[PDB]
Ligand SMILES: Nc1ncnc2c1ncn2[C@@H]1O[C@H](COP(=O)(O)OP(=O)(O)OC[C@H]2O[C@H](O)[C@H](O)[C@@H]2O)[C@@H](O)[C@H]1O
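Take a look at this single chain in structure tokens; it is the form solved without the named molecule.
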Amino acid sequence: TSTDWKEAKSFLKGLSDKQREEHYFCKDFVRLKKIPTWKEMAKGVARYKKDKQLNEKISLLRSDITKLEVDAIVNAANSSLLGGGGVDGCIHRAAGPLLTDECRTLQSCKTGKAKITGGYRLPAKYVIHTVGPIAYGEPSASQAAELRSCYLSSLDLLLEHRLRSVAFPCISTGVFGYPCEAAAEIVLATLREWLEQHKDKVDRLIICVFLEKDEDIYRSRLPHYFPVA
């Protein structure tokens, strides 16, 4: 039915953290307690001032974002919210058909804005869907703001729904997209400032990448925004 999604939501909310595992699409889910914090990663576990607690609230991980057992994963979606290619399509498939059913009820999503759904068969409780600017390698000032807005609008939903862990993919990067080093600068600056003001509202913000190129870029710049010594 067009509204079965509402029931699944309630079925999974009623489940204990343990019970929920049986229905995940994967056996190899990644527990939040197994994701190194930046503090740990900077020690080799596999002007901004040093802030001990902030270094425990941010993580960089190269992994499959669909497998992360967190309160929400962010989907770098298209305006339709009905999926398509890239990680978006992998999220739809992994979450299963009820995710798409829920998305069918929503409006189209504007650039720089976000909407929340259930996570269904994902280890994640929720998916926060956002539409990034298309920069064609040459972002304008307005597109830089749109990119930042994707992260901030997503975090607004996280707060509204009292969620405490979130993973972001590399929104807007790719061929015809936002230059990767520039995008990482915007992301790290945005998350550092946001955490300074909303520190205690979350337990973890995770930058979850799939390309080694993106991993390297973020790892090289993390010490600037989050000094460890």
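Between two forms, the rigid core is the largest collection of C-alphas that superpose within 1.5 Å. In case it trips you up, residue 1 is the first one in the sequence shown, and so on. Residues that one form lacks are left out of the comparison.
We do not show the form deposited with the named molecule bound, though everything after this point is about it.
A.B. asks: Heavy atom to heavy atom, is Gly86 within 4.5 Å of the named molecule in the deposited bound form?
C.D. replies: Yes, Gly86 is a contact residue.
A.B. asks: Counting only non-hydrogen atoms and a 4.5 angstroms cut-off, does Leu155 reach the named molecule in the deposited bound form?
C.D. replies: Although the named molecule is absent here, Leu155 would stay clear of it in the deposited bound form, with no heavy atoms inside 4.5 Å.
A.B. asks: Is there a non-hydrogen atom of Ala72 within 4.5 angstroms of a non-hydrogen atom of the named molecule in the deposited bound form?
C.D. replies: Contact check for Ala72: no, nothing within 4.5 Å of the named molecule in the deposited bound form.
A.B. asks: Applying a 4.5 Å heavy atom distance criterion, does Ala77 contact the named molecule in the deposited bound form?
C.D. replies: Yes, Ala77 sits close enough to the named molecule in the deposited bound form that at least one of its heavy atoms falls within 4.5 Å.
A.B. asks: Three residues, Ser149, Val187 and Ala189; all within 4.5 Å of the named molecule in the deposited bound form via heavy atoms?
C.D. replies: Looking in the deposited bound form, the three residues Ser149, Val187 and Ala189 all stay beyond 4.5 Å of the named molecule (heavy atoms).
A.B. asks: Just one of 101-109, 155-163, 115-123, 86-94 has heavy atoms within 4.5 Å of the named molecule in the deposited bound form; which?
C.D. replies: Comparing against the named molecule in the deposited bound form, the contact stretch is 86-94.
A.B. asks: Hey, quick one: aligning on the core, which runs of at least three residues have all their CA atoms off by 2 angstroms or more between this form and the one not shown?
C.D. replies: Runs found: 44-46, 174-176, listed by sequence.
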